[PDB]
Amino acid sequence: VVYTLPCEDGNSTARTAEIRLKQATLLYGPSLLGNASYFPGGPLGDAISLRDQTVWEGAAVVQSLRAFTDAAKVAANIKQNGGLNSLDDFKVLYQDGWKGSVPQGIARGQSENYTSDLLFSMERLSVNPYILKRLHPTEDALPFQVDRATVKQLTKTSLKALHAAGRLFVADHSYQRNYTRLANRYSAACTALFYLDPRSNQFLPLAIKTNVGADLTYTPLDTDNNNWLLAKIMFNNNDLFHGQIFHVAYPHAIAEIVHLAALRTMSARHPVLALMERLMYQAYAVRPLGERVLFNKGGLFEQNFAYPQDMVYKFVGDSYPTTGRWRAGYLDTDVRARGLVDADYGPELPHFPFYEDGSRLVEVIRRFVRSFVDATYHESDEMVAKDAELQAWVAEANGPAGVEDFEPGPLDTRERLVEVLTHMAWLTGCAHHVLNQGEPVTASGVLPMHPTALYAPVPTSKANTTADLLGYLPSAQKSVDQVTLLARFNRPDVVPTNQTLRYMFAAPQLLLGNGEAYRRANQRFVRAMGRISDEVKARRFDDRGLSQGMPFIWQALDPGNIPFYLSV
């Protein structure tokens, strides 16, 4: 199969007949996991979904067996240590364990530095960077009030001064206030307030408000009863839920619907669709299995989290009108819109690890996609504009497929197609793995500070509550169940099978079906991603014990370790 644009194909009546058959058999079926994007239906849509699920099953079985072996080992070791009767006992949950299912190990520094405020705040700029926003001096009010004396001891200034200087930031999970909780499961609905401290030039936590029950406000000065430490725990619990259900819409639902629109309008012979098919490897396995293995009643999610299934579906439906917007989710557009990059109303964040690694990856991807588009369309914008199948795709996405905020048609320049395909590659090869893939087990779901559920009521009092936080955290057993669940979202075999971001474009069918310019661009991409992978693998702590300004080694965007596709 040598790929052809429609005008290059002398076999074109049969080509178009094939596309009309796809259009009769590959339909827009109901959205899965809530009110997001359509899912493939009809006989062909069912067969595509089934094909993907069937391929996915093999690595899922192998990996689950690995995770259960590792789990039995770790549980033996927690038994020899006499259980989990302290916070610092939780290290036994990870020490020398999970070598089979999580061979990259837990992110260094997570367990060792788990009380660090700077770690807690910098996680909002790394492990889940999709909630934080800067507070505009005049267009945003303060999310809540904080004791003036407390603020001044903490900051040597005031909230009005920091707010006016554009140095305040907020991560707001208060939408969880009135969620249903499962019996004997609890959670708050925290709003966390952060600031960029002019003294240390560090992005630091300032206050956490639960927004539930007694609706109390916490601060690093609340050292009594381990209150502040617990508040962070509560926030992380909310935040983990956010990051995992956020990623249902972004990347999964968006990529799925954009690609479904392409499958209905472009030939299998089309170079662009073949590229997209590579990026979307196994993608349509995720939401069906989510319905029946993960989010079912009930159900591994329900067995480890604090909310029932209909709250997951509620969150998806509530967030998709925003998080499903295609152009709004381009890397730069999103971080600028939230005021974290190029903000005119506040100082630049000194360290933003997600944006640093992410923007570099986007540039490497874009160099490849620019060469791909140039070779395919012979350096001609008119050839893009005259590609009837490409234009059919864009109109299908903007119309019957219901893609939100897609690129408006017609799409008449190479540059715009480059933006679209670069963003697809970003979604399947990078963003997915910032939020999901190995990120939870290695960082954002690391116990004790990131439990998937709480096990005692959120305190109604600062003074009259227990100083022992073990009642809220999962037990010795439920910790092993949590780490097992999150370990089953890792896929180590992408490394030995070269199914990683580094080899995203090195597909045999793409190398054979495109010309020599394709191969040369692939070679450049593979080399660049290999160098970035070498750098990420080599990250170490500096003299102050800080990697990328953080008390932990963040390797979630190592191109040599993460899939090129939406693997789980």
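The numbering used is simple: start at 1 and walk along the sequence shown.
Participant: Between 331-339 and 476-484, which has the larger average Cα B-factor in the PDB entry?
Facilitator: The recorded data point to 476-484.
Participant: Comparing 522-530 with 29-37, which stretch shows the greater average C-alpha B-factor in the deposited entry?
Facilitator: Taking the mean C-alpha B-factor of 522-530 and of 29-37, the larger value falls to 29-37.
Participant: From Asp412, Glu439, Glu396, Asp215, can you pick the one with the highest C-alpha B factor in the entry?
Facilitator: Most elevated C-alpha B-factor of the set, per the entry: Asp215.
Participant: Report the option among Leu221, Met383, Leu240, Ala375 whose CA atom has the maximum B-factor in the deposited record.
Facilitator: That would be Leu221.
Participant: Looking at the entry's B-factor column for C-alpha atoms only, identify whether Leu154 ranks in the lowest, middle or highest third of its chain.
Facilitator: Its C-alpha B-factor, which the entry lists for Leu154, ranks in the highest third among residues of this chain.
Participant: Can you tell me which third, lowest, middle or highest, the CA B-factor of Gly545 falls into for its chain?
Facilitator: According to the entry, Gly545 has a C-alpha B-factor in the chain's highest third.
Participant: Would you mind ranking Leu193 by its C-alpha B-factor against the rest of the chain and naming the third, lowest, middle or highest?
Facilitator: For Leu193, whose C-alpha B-factor we compare with every modelled residue in the chain, the answer is the middle third.
Participant: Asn225's Cα B-factor: lowest, middle or highest third of the chain?
Facilitator: For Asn225, whose C-alpha B-factor we compare with every modelled residue in the chain, the answer is the highest third.
Participant: Among the modelled residues of its chain, does the C-alpha B-factor of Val1 lie in the lowest, middle or highest third?
Facilitator: For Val1, whose C-alpha B-factor we compare with every modelled residue in the chain, the answer is the highest third.
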